[PDB]
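Whatever order the structure lists them in is the order used to number ligands and atoms, beginning at 1. All residue numbers refer to positions in the sequence shown, counting from 1. These values consider heavy atoms only, across backbone and side chains, with no hydrogens, waters or symmetry-generated copies.
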Amino acid sequence: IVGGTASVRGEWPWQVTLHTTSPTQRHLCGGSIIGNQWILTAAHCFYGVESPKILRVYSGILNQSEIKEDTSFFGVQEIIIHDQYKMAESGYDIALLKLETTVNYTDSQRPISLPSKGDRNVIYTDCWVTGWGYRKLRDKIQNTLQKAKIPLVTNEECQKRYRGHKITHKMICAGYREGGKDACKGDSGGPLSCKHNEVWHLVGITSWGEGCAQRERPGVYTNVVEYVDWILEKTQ
Ligand SMILES: CC[C@@H](C(=O)Nc1ccc(C(N)=O)c(F)c1)n1cc(OC)c(-c2cc(Cl)ccc2-n2cc(C(F)(F)F)nn2)cc1=O
């Protein structure tokens, strides 16, 4: 996250850190708890992941330094990638992880609601991007979960910024005209979380941008409301 600040214990309890264990254990991507046994994340996270066996899902983490050889984690039973996914920059950047067991919800591990049937025309004005990503282009994974508030931009404006890409109704963009706040390397897969009537909704999945927090270069997110029928199909 560029231009963000440290989160506190319990602030983003749907946020997970997805780790690979091959050839060494490291943070790969963010993700979101959407159900007892379900993480929503980005399909691109699984590039060169040989199988679900090398994945670990850590919930209730504020600082990556908490993760030690005795820290409990969820095994991944199945990675479900959208069947139209080819690469982040061409969309369908969405995946479910089915966990090997159900999360007991606590103050530090809670689900986030999907966008609600009836709110397709809600204008979300309180959206946050979170993650352990770089805080500028040339950086490293951060210890402490970072947060940043970011305004949604019109698809029409987003497409004008990315005329070499298909900015579709299945994408949503967020960014300041003069940049300074954005997702960056290591934040992908995690949530764009918008609060509406004091209820948080998973509006976006961090997917891509050209650069991090450049002017007139909004981040691009998978538009979760456009995949609610797919999510429900796979999870039910
Ligand atoms: C796998 C792709 C992933 C990534 O780089 N992951 C990653 C994880 C771990 C390490 C490590 N050191 O251990 C690492 F080096 C890289 N990714 C790609 C993006 O976009 C490619 C974005 C992005 C998303 C928005 Cl909404 C806005 C702008 C960006 N952005 C753009 C860039 C760029 F251009 F500088 F590469 N970096 N982040 C975020 C993002 O996490």
> Parallel, tilted or perpendicular for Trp200 and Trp12, by the 30°/60° rule?
Replying inline: perpendicular
>> Among all the protein's non-hydrogen atoms, which is closest to atom 36 (F) of ligand 1, and how far away is it?
In response: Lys185 CE, 3.5 Å
> What's the shortest distance from atom 23 (C) of ligand 1 to any protein heavy atom, and which residue and atom give it?
Replying inline: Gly209 N, 3.6 Å
>> Please state which option from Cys184, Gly219, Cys45, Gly211 has its nearest heavy atom closest to atom 28 (C) of ligand 1.
In response: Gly211
> Mind checking whether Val129 has a heavy atom under 4.0 Å from ligand 1?
Replying inline: no
> Is the closest N or O pair between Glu210 and ligand 1 shorter than 3.5 Å?
Replying inline: no
> Going by an N to O cut-off under 4.0 Å, is there a salt bridge joining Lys185 and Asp139?
Replying inline: no
>> Return the closest protein heavy atom for atom 3 (C) of ligand 1 as residue, atom name and distance.
In response: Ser188 OG, 3.4 Å
> Between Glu66 and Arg9, is there a side-chain N and carboxylate O pair less than 4.0 Å apart?
Replying inline: yes
> Counting from 1, what ligand 1 atoms have a heavy atom of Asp187 closer than 4.0 Å?
Replying inline: 41 (O)
> Numbering the atoms of ligand 1 from 1, which are under 4.0 Å from a heavy atom of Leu28?
Replying inline: 8 (C)
> Quick one: does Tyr47 get a heavy atom under 4.0 Å from ligand 1?
Replying inline: no
>> Would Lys170 and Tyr227 count as a cation-pi pair here, with the cationic atom under 6.0 angstrom from the ring centre and within 45° of the axis?
In response: yes
>> Among all the protein's non-hydrogen atoms, which is closest to atom 18 (C) of ligand 1, and how far away is it?
In response: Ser207 O, 4.2 Å
> For ligand 1, which atoms have a heavy atom of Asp182 less than 4.0 angstrom away?
Replying inline: 27 (C), 28 (C)
>> Is it the case that the side chains of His201 and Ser193 hold a donor-acceptor pair, with the cut-off being a distance below 3.5 Å and no angle test?
In response: no
>> According to a hydrophobic-cluster definition based on side-chain heavy atoms being under 4.5 Å apart (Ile, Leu, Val, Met, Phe, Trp, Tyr only), do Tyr105 and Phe74 belong together?
In response: yes
> Looking at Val220, which atoms of ligand 1 are within less than 4.0 Å of one of its heavy atoms?
Replying inline: 26 (Cl)
>> Please classify the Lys140 to ligand 1 contact at 4.0 Å (heavy-atom distances, strictly less than): side chain, backbone, both or neither.
In response: neither
> Going by an N to O cut-off under 4.0 Å, is there a salt bridge joining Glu226 and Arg120?
Replying inline: yes
> Are the side chains of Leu152 and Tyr124 in touch, meaning some heavy atoms are under 4.5 Å apart?
Replying inline: yes
> Does one side chain, of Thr130 or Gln15, offer a donor that lies under 3.5 Å from an acceptor on the other?
Replying inline: yes
>> I need the nearest protein heavy-atom contact for atom 38 (N) of ligand 1: residue, atom name and distance, please.
In response: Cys212 SG, 3.3 Å
>> Please determine whether any non-hydrogen atom of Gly133 lies less than 4.0 Å from an atom of ligand 1.
In response: no
> What's the shortest distance from atom 12 (N) of ligand 1 to any protein heavy atom, and which residue and atom give it?
Replying inline: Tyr134 OH, 2.9 Å
>> Can a donor-acceptor pair be found, under 3.5 Å and without considering hydrogens, that links the side chain of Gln159 to the backbone of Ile167?
In response: yes
> Under 3.5 Å, is there a donor-acceptor pair between the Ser7 and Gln146 side chains?
Replying inline: no
> Side chains of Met171 and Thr222: closer than 4.5 Å at any heavy-atom pair?
Replying inline: no
> What atoms of ligand 1 come within less than 4.0 Å of a heavy atom belonging to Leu137?
Replying inline: 35 (F)
> ring-ring contact (aromatic ring centres under 6.0 Å, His included) with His19: which residues, sequence neighbours excluded?
Replying inline: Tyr58
> atom 7 (C) of ligand 1: which protein heavy atom is closest, and how many Å away?
Replying inline: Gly186 N, 3.4 Å
>> Which residue and atom name correspond to the protein heavy atom nearest atom 2 (C) of ligand 1, and how close is it?
In response: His44 NE2, 3.9 Å
> Which atoms of ligand 1 are found less than 4.0 Å from any heavy atom of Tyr221?
Replying inline: 26 (Cl)
>> Closer than 4.0 Å to some heavy atom of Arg26 - which atoms of ligand 1 meet that?
In response: 9 (C), 13 (O)
